[PDB]
Structure formats: C-alpha cells, structure tokens
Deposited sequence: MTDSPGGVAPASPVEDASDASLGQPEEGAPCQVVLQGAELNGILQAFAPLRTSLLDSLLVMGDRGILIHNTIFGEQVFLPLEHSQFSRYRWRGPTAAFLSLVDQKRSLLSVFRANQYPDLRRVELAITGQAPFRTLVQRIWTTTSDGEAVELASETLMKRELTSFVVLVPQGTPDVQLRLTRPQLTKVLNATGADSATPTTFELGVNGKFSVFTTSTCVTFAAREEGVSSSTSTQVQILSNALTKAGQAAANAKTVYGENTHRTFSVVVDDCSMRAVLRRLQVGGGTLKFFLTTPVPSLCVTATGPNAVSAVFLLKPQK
C-alpha cells in the first residue's frame, strides 16, 4: 500500500504515553496525514488544539501523494484513536495504518493486533477500522517563529493558570517587564517569576526574555482547556507581531499537545 504507518514495541509505547494524559480529549478529531507525520486537530471549549505526531515517532512511516485528512470517528462511540486509549486494549501489540487509492478517494484501513498472535499475517489476529478520506477539508494551523518563549515547570504553569481570569468581566494580562520579570494577573490575582535567557522556583527560562510586552487574553479559557488536557508543565510561545497576537502553550514532553489562544489586538 502506497501509504503505510506502523506502531509496534517502543514507538507504540511512546504513542500510548502521549495519549495517556489526553484521555478522551482527542477521540473526536481531524487526522491530517502527510509526509511530516499525523497532525491531530480539535477544538476544546472553542480553543484551537493540535497534537503533532512526527513521522519519526512511528516504527515505520511511509507517505506518498497529496496530504490526506480523516475524521477520527468511524461512528459515534468508536474512533481511530481508540486503540491508544489508556487501557482499552490490554493485550495491544501492533497497530497498522494503510492508506490506499488516489486523491480524493483514498481509504484508511486501521488494523490492530494483540498478544494473541505472532507477526502481522493480517488475516490472523485483529480488529479493523476503515475510513474514507475527506475529498475536501480545511484547517488553519499555526506557523512562524514566536517572538518570546517562556518554559514553565508543572507547578509554575499551575500557578499561572490559577491566576488567569475565567469570565468576560475579568481580563488577564501576560506581562514581560523591564527586568525580565514575568507576570500574569487579573484585578484580583497576580503571579510573577524572573525570566532569564537559557544559557529558584520563581525563575522561568526562555528565549528573547529581553523583549517586553503587555498582552491581554480575551475571555480566557486557558485554565479550562489546559486543565482538560491535563497539561503538566509547558512552554508559552508569544506571537506578538501578527495583526492578532496569539499565545500557544505547548506541553512539556516528547509528543505534547498544544492549545492556541488569541490575544486582544493592540495599537
């Protein structure tokens, strides 16, 4: 088959770990496959959510032809990402994805194998799901380099999230001050750390920590979303120049998800 993707041993373990903290958050999503890997996109509480699976994270990844997108759900209660669900497949041994055909009529056939067989004779052990690509699909994805980056530890991200506002009547400001003082606050909450360029729990590390800014987040769904994705720690990436500023929070780890929030436009 022209397009083949295999998850076995180590890499299957890696994907399984990537999904653990995510629980059911991405079961209903858009699978965007191409030569770079699988980009899983969603919307949570209205916010843009992405989970990139670099091709290098699979046991085998072979892609040819135009990029292809699939709805993860083959039916209301079943999804192409259900295998990776925490403990739904106890004896899980192998997962294979095969895309056959030609745009816009390619088909995705997902085959699963448990510790009840040997190899991948296909016909043998299994559970299989099939999905037709989308003929037409659109996805707006982030790009470009962030103007500032602040890596935060688990407890640090938690302090921040606890500071962010949760309603239209309580704006939140992310401010990188003169001295490299990073602060997040509302009219009833405040938290601050000391930047410092990455060459003591109040010290956060980042890139271009000299570029000050005072951005405000809209109605701020940050806490709800990140709490839902159970993000441990993460890196805050600020895109300050585009007409609409944006803050992307990428989780710390190997195959971490990212949530992108829009900041109020300035000037």
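Annotation: deposited residues 1 to 28, 228 to 251 are not represented by C-alpha coordinates in the model.
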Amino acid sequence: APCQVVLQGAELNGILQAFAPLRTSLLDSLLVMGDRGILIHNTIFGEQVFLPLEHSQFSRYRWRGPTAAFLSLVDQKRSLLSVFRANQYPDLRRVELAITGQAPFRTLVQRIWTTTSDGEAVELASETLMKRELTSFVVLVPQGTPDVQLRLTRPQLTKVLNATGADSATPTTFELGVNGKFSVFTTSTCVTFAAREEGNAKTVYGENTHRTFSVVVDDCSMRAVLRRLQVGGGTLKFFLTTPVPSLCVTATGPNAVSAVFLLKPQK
From here on, numbers count along this sequence of modelled residues.
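Note on 190 to 198 vs 127 to 135: mean CA B-factor is higher in 190 to 198. Stretch comparison (250 to 258 versus 7 to 15) by mean CA B-factor in the PDB entry places 250 to 258 on top.
Of the candidates 144, 171, 155, 101, the PDB record gives 144 the highest C-alpha temperature factor. Annotation for 122, 80, 97, 163: 122 ranks highest, by Cα B-factor. Among the modelled residues of the chain, residue 232 sits in the middle third by CA temperature factor in this PDB entry. Among all modelled residues in its chain, residue 34 ranks in the lowest third by Cα B-factor. Per the deposited record, the Cα B-factor of residue 178 falls in the highest third when ranked against the other modelled residues of its chain. When the modelled residues of the chain are ordered by their C-alpha B factor, residue 205 lands in the highest third.
Ranked by Cα temperature factor within the chain, residue 88 sits in the highest third according to the deposited record.
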